[PDB]
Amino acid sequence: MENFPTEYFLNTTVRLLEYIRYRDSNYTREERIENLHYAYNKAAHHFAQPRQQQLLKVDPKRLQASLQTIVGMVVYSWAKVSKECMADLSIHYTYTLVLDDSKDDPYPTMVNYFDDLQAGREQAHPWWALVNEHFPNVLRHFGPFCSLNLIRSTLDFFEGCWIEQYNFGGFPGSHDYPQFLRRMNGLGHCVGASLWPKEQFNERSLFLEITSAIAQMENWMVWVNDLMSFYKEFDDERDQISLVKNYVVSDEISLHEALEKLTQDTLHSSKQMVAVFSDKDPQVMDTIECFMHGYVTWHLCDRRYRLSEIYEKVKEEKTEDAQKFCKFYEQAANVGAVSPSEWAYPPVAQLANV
């Protein structure tokens, strides 16, 4: 496995896109830009505040980059939620993304977690201090059940980052470890339940569909990301513990086999995703369908994933896949390719300095 399985990749991707029913939609480039800037502007103002500036140890250049990656992700996948919602979620998911920048052992700051929590004293760990303080702005858009899911998944996430600080791919033969870990820092339930604002949905009325959405969406969302970010992560010696890389270490199988395990779960996930929801409430299947499409557009458009390289390579090849891929790609670009100068400004730093 010296070269990238380009062939195999293009195929799986095209399949994924077909299974999910990837296709044109109602978001218009004008609307995308409207939201991108709204969400970005609110967040940027937030992170530019002195208190946030002070407690969130992050290289500005990176905070800037992360915020933009997150706004884009939210605005493109949470298509049916309100602008405020996109903004508030953008702030939350930007906090979670930023946490992977800390080597700082949580232990000492997590020693009085529960006692402080129960007492109502600000957490020792600055991340929690900021996140928990801001949480209400996200939580207000949801009902009690969904809120609990966001709260849990975020706590889960904090631990997942803790575990990852050990750059540990699992003991050989620890088959349960890889997914255990992936699920932990996957924020699956956060994503899954944040898709159902109480302004547009009734938690109690759609409890079974929402729950089922969360349950299924958790895996789809994470595996689609593991697959998409598999091209950028291929020749990157820095990223040592990914789901695929851990399957290799824990299950004791080849990278190809692991990559195989992933695609099968991903494709199967996609199939059942559509199967279960097609005939369900229209408004639900819509949010679901839009999340998947936007989530894939976002992966395809954001440079972070360097997929444009996969495109420029097979750009001409006359294979069904290669052509099926290139078509889909252009699809995304027509609505997903947007210069940051159109929405992401001014820079967070600039707002912070003022």
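Numbers follow the displayed sequence, beginning with 1.
Stretches 147 to 155 and 166 to 174 differ in mean C-alpha B factor, with the higher average recorded for 166 to 174. Higher mean CA B-factor, judged across 188 to 196 and 268 to 276 from the recorded values: 268 to 276. As recorded in the PDB entry, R204 shows the highest C-alpha B-factor of the residues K80, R204, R183, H92. Within the selection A124, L130, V74, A258, the deposited Cα B-factor values reach their highest point at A258. Annotation for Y107: C-alpha temperature factor in the lowest third relative to the rest of the modelled chain, per the entry. Annotation for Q323: C-alpha temperature factor in the highest third relative to the rest of the modelled chain, per the entry. Sorting the modelled residues of the chain by their CA temperature factor places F234 in the highest third. In the deposited entry, the Cα temperature factor of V335 sits in the top third of values across the chain's modelled residues. Ranked by C-alpha B-factor against the other modelled residues of its chain, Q240 falls in the middle third.
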